[PDB]
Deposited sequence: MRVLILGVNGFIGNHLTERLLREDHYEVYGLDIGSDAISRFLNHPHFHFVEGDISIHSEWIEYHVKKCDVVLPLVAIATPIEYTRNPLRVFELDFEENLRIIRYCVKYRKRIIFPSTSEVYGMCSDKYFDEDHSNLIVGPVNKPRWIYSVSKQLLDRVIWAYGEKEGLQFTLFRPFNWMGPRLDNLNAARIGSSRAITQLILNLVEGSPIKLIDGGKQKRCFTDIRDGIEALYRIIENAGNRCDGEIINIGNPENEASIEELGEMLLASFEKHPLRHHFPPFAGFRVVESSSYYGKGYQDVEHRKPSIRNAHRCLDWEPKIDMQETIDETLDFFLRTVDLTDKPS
């Protein structure tokens, strides 16, 4: 099984590649423009680094789709300010360039495992966002923050249509704030790591304040990467072909917190940490979609999966690794 990861040089690429290389029947083709995040797999016999950029290359990516069996496109900009500061580039990369890769899979009859986004639900009023039943709610066109949500949704619909009409084999997945070791940088155009926890950990690391937009009462769910990657690994395995044509939220709905509470949890774990003294004093909380909890019935059904790691162990492990790998001279 040849697995093509586009945008391997990051969080998901790292953790997914580790997982697949444990198993004896995977060849991982990791496409990216750099390899610093995964440099320890470069010498692995079943890892294959592929030089590339999905905006520049046509034929090279197309080739690698043909060569491989399953494809995971992880290249996208999901930086909120960018939705308003550089909307065209968000659209071009996240929509147009990924659409080309989708069409390569259709053409060579390959399976695609596509990262949809939890942002597709928008201001959905269900308490549990359900992939198969929840209505998707966005604001008017004069609220440009929604361009990312709606681009990703239209891409889902296009995948769905290729599936219905052209026999594309797909699974869509929606990560909810995955977190752990080897988080993407905040401005890396790679899907997967919780931007909210990376930002907060960054605040503590830099000694900048934690912004609570309107008191930080908006609630989010957070998912350990060990749980998340286990689910994604099962989607790849696709026991019984039970993931075919499915849309699967992957998150831990019991790991719910407002940004305020997430703030306090991180701070507690931080102040307790043996390396805390390398970092500045706490600059403080700064007052400047109200809920986003996944239904995980689809993951229960298709993957026989449920999350095993509590909030506190994921927080602690995520923070610990981040602090330990910070370069203190830079």
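Checklist entry - Which deposited-sequence positions, grouped into ranges, are missing C-alpha coordinates? => result Absent from the structure are positions 289 to 300, 343 to 345.
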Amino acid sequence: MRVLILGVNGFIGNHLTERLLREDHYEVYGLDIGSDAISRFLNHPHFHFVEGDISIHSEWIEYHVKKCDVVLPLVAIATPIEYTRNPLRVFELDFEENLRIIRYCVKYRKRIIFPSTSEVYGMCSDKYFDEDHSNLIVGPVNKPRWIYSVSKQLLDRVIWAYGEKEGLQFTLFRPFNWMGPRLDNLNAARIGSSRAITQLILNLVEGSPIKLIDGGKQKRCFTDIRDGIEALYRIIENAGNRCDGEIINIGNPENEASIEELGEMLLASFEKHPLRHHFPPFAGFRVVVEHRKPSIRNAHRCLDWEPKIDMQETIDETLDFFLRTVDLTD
From here on, numbers count along this sequence of modelled residues.
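Checklist entry - On average, are the C-alpha B-factors higher in 75 to 83 or in 89 to 97? => result Higher mean C-alpha B-factor: 75 to 83.
Checklist entry - Taking only the CA atoms, which stretch has the higher mean B-factor in the record, 214 to 222 or 114 to 122? => result Going by the record's values, the stretch with the higher mean is 214 to 222.
Checklist entry - Should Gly284 be placed in the lowest, middle or highest third of its chain by the C-alpha B factor in the entry? => result Highest third - that is where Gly284 ends up once the chain's C-alpha B-factors are sorted.
Checklist entry - Should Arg145 be placed in the lowest, middle or highest third of its chain by the C-alpha B factor in the entry? => result Within its chain, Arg145 is a highest-third residue by C-alpha B-factor, going by the deposited values.
Checklist entry - What third of its chain, lowest, middle or highest, does the C-alpha temperature factor of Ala37 fall into? => result CA B-factor rank for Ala37: highest third.
Next on the checklist: Going by the CA temperature factor in the PDB record, which third of the chain does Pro209 belong to: lowest, middle or highest?
Outcome noted: It belongs to the highest third of the chain when residues are ordered by C-alpha B-factor.
Checklist entry - For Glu256, does the deposited CA B-factor place it in the lowest, middle or highest third of the chain? => result Ranked within chain, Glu256 CA B lands in the highest tercile.
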